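Everything on this sheet refers to the single structure shown next.
Quick reminder, even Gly has a Cβ in these numbers, built from the backbone with ideal geometry, and neighbours come from all protein chains shown. The numbers here are math on the coordinates, done by the rules we state, and not lab data.
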Amino acid sequence: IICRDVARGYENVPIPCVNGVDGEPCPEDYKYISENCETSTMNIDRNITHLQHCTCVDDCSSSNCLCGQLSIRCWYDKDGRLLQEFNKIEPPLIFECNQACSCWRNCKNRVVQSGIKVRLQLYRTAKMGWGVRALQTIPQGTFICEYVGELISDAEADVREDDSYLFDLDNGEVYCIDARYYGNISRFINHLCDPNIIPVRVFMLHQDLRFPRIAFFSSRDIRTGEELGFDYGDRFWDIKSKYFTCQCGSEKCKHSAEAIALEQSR
Amino acid sequence: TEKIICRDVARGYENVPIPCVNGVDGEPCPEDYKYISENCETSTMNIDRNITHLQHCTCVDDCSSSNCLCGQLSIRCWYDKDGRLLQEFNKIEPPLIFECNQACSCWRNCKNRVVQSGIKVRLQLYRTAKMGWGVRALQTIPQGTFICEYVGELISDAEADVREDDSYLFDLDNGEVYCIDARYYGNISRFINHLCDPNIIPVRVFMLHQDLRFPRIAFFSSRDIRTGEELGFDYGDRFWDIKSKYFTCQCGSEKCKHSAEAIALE
Ligand SMILES: *CCC(=O)Nc1nc(NC2CCN(C(C)C)CC2)c2cc(OC)c(OCCCN3CCCC3)cc2n1
Ligand SMILES: C=CC(=O)Nc1nc(NC2CCN(C(C)C)CC2)c2cc(OC)c(OCCCN3CCCC3)cc2n1
Ligand SMILES: C[S@@+](CC[C@H](N)C(=O)[O-])C[C@H]1O[C@@H](n2cnc3c(N)ncnc32)[C@H](O)[C@@H]1O
Ligand SMILES: C[S@@+](CC[C@H](N)C(=O)[O-])C[C@H]1O[C@@H](n2cnc3c(N)ncnc32)[C@H](O)[C@@H]1O
Ligand SMILES: [Zn+2]
Ligand SMILES: [Zn+2]
Ligand SMILES: [Zn+2]
Ligand SMILES: [Zn+2]
Ligand SMILES: [Zn+2]
Ligand SMILES: [Zn+2]
Ligand SMILES: [Zn+2]
Ligand SMILES: [Zn+2]
């Protein structure tokens, strides 16, 4: 219980920091930001007239909502949680309602843009450094947080010393997000071979497809105190395996030293 | 008699609802515009959003000390303990206000973040006797209270020349000159009328960026405002030299400088 809010009041709820494992102080070699930033011109298309929008006069719960149609359908239920029909392995693009829509700010297609609602905690793990865990039970499909950081080109990523906080934004031109120097609570979520949250690309106040915003949703019910983690992917582990191995301790672990040694012996 | 025609013309985008009533005639709620709570662009403005270009404070307090760089850029911080402008504030020639930003080390609740926190007072869009639609107070507003931001579409000075309707223009006189046009896109401030005895004053504020070409316009009450009193500021003589040949001022004040009487009498 060393810092009551690492977000300095920038989020909807505080995010405290605790360490009950070692003597490492709550980390401060970064700059907490709640929204994405840029350190050089990104030229995001912010033209309000280029936004696809809906004409709904209800709460956008009908199948006629265009923004829902943009995302095949609206995948948020009445409580703002992803339907279990959601393709959790290959998620679609989610187009939330925006400032050009005729609907109200409280419509059913505005989950990610409303911010963090669940209670999270920055805590010291036993073998992974810092991690994030739930201070409450989280039902499946609930929005957790956004991967927030410094928008950079992939040419700039090629000269970055530390690539441990990078999120690729595939789409022509390639961009990505770096949470090394600027980032939010998501920069502390570790890899898990049995993940409980998944990343989804979402569009809100703009629709420039080069800059999708990364939202994390729970892939299953999560108990209190349970660590949150998503699948970092093979690109991360083909690179970092030579310096360290995965410590998630799951019987399904693909990137442990024992797992790597088992299949590279065939 | 007076009918309530809209519960909230902002449709839930502001901190508080802004209702629309009419007890004068049968004009329905205005809908020849798109309500937006924040400024928009229809053509690229190329605002400098580089986070490293942000002058910021290293304050570990609530930014009330004389060492806050952000307050120093406005000579001093002009907000009192409650977020109201000091009475010594230059109401004739307001200085540029630099509120604390995302690069500052302070918390989101520091004393230098009044305008970026949104509308707090209760306003109402109503039908005036002779001035079309207006905005009035539903409470008492002490002197120096932040009222609302003049929100609209950011355009160049050349674009304003080719605009059919120049009744909703606010000029940002910097270097390169730009304007806020609330004709097609605007918020509650687009309904504030001119008063020869004004009770609010515009102040130019910088928040998440510090591009001097694009200051944000904040209305603060220039003195105590009684409940039911209409809100208004001095449009300036550029507006009136253009409009006085098409219509006259109906503020009905003992001090009117733009009525057909006052104009002809000199
Ligand atoms: C933006 C385009 C892109 O894919 N960038 C990128 N690069 C790397 N690897 C290196 C390559 C060269 N390095 C030096 C020689 C300069 C710099 C970067 C990269 C590596 C990753 O894993 C180590 C990585 O990851 C993917 C996501 C993992 N999680 C996501 C959230 C946090 C980490 C991404 C990488 N991207
Ligand atoms: C430097 C760029 C720039 O600001 N330009 C510009 N242009 C105008 N009209 C042109 C339109 C046509 N054109 C010819 C070439 C036809 C020449 C005149 C303006 C008119 C204004 O009121 C009439 C005005 O009032 C501002 C205050 C008024 N209230 C309204 C609510 C808020 C403030 C400002 C105007 N500013
Ligand atoms: C995005 S950061 C996550 C936060 C990080 N653990 C910290 O303390 O700052 C990713 C880094 O955390 C560590 N990490 C994440 N997942 C891991 C895992 N499953 N096993 C071992 N280390 C992991 C690795 O060092 C990796 O470089
Ligand atoms: C920014 S709009 C204000 C809202 C306007 N009353 C409406 O109904 O939409 C400015 C226009 O309102 C009218 N107006 C504003 N102040 C006025 C005044 N003091 N006397 C007469 N008309 C005024 C003028 O027609 C002017 O072009
Ligand atoms: Zn809709
Ligand atoms: Zn909607
Ligand atoms: Zn919509
Ligand atoms: Zn593992
Ligand atoms: Zn400060
Ligand atoms: Zn501050
Ligand atoms: Zn500051
Ligand atoms: Zn007058």
Non-local amide H neighbours of A:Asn184 (under 5 Å, H modeled in plane, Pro and chain starts lacking H): which ones? A:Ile33, A:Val148
Considering only A:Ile48, B:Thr1, B:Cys77, whose Cα is most displaced toward the positive end of the charge dipole of the protein assembly as shown, charges sitting on Cβ of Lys, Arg (+1) and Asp, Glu (-1)? B:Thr1
Three-way shape call for segment A:123-163 based on the alpha-carbon gyration tensor, with the a/c threshold at 1.5: oblate
B:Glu99 neighbourhood, Cβ < 14 Å, K/R = +1, D/E = -1, net charge +4
Nearest-0.05 FRET efficiency for B:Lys3 and B:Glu254 at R0 = 30 Å, using Cβ-Cβ distance, is 0.40
Report, by chain and number, residues whose modeled amide H sits under 5 Å from the one on A:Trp130, excluding near sequence neighbours (fewer than 5 apart, same chain). A:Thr125
For the ranges B:66-76, A:187-197, what's the packing order if you count other beta-carbon atoms within 10 Å of each residue, average per peptide, and put the highest first? A:187-197, B:66-76
Rounded to whole angstrom, the alpha-carbon centroid of segment B:204-235 lies from that of segment A:154-169 at a distance of 42
Quick check: Cα centre of segment A:66-114 to Cα centre of segment A:45-62, how many Å? 12
Applying the Karplus parametrisation 6.51 cos²θ - 1.76 cosθ + 1.60 with θ = phi - 60° to the phi angles of segment A:184-193, what ³J(HN,Hα) value in whole Hz is obtained for each residue in order, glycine and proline being reported as x? 10, 4, 5, 5, 9, 7, 8, 7, 9, 6
Report the one residue of B:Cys251, B:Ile119, B:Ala218 whose Cα lies farthest in the direction of the positive end of the charge dipole of the protein assembly as shown (charges on C-beta: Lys and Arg +1, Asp and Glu -1; origin at the Cα centre). B:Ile119
Gyration tensor (Cα only) of segment A:104-243 to equivalent ellipsoid, semi-axes in Å sorted down, yields 24, 22, 12
Give me the Debye-computed log₁₀ of I(q)/I(0) at q = 0.19 Å⁻¹ for segment A:70-157, equal point scatterers on Cα only, no solvent, two decimals. -1.08
Residue by residue, what Karplus-based ³J(HN,Hα) values in Hz, rounded to whole numbers, does segment B:20-26 have, using 6.51, -1.76 and 1.60 with θ = phi - 60° and x for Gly and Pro? 10, 10, 8, x, 10, 9, x
5 Å is the cut-off here: which amide hydrogens, built 1.01 Å from N in the peptide plane, fall below it relative to B:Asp61, excluding neighbours closer than 5 in sequence? none
Across peptide B:90-102, what mean number of C-beta atoms from other chains lies inside 10 Å of a residue's C-beta? 1
Over 31 Å apart: what share of the alpha carbon pairs of the protein assembly as shown falls there, rounded to a whole percent? 54
Violations at 31 Å Cα threshold for listed pairs A:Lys31/B:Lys81; A:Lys108/A:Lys252; A:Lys31/A:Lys240 -> A:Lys108/A:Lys252
Using the 10 angstrom Cβ neighbour count as an exposure proxy, how do B:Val121, B:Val135, B:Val162 rank, fewest first? B:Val162, B:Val121, B:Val135
Report, in deg cm²/dmol and to the nearest 500, the calculated mean residue ellipticity at 222 nm for chain A, where each DSSP H run with n ≥ 4 adds -39500 (n - 2.57) and the sum is divided by the residue count. -2000 deg cm²/dmol
Quick one: what are the phi-derived ³J(HN,Hα) couplings along segment B:122-135, Karplus 6.51/-1.76/1.60 with θ = phi - 60°, whole Hz, x for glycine and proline? 8, 10, 8, 7, 9, 8, 6, 6, 10, 10, x, 7, x, 10
Give me the percent of Cα-Cα pairs in chain A that sit more than 32 Å apart, rounded to a whole number. 25
Tensor-based shape of segment B:1-43 (alpha-carbon gyration tensor, a/c under 1.5 rounded, otherwise prolate or oblate): oblate
A student applying the Cα gyration tensor rule (rounded when a/c is under 1.5; otherwise prolate if a/b is larger than b/c, oblate if not) would label segment A:20-90 oblate
What's the Cα-based Rg to Rh of segment B:195-266, Rh via Kirkwood? 1.07
Within segment A:204-227, list the residues whose amide N lies under 13 Å from a label point set 7 Å along Cα→Cβ of A:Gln52. A:204, A:207-209
Assigning unit charges at the beta carbon (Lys, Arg +1; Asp, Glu -1) and nothing else, what dipole magnitude in debye, to the nearest 20, does chain A show about its Cα centre? 800
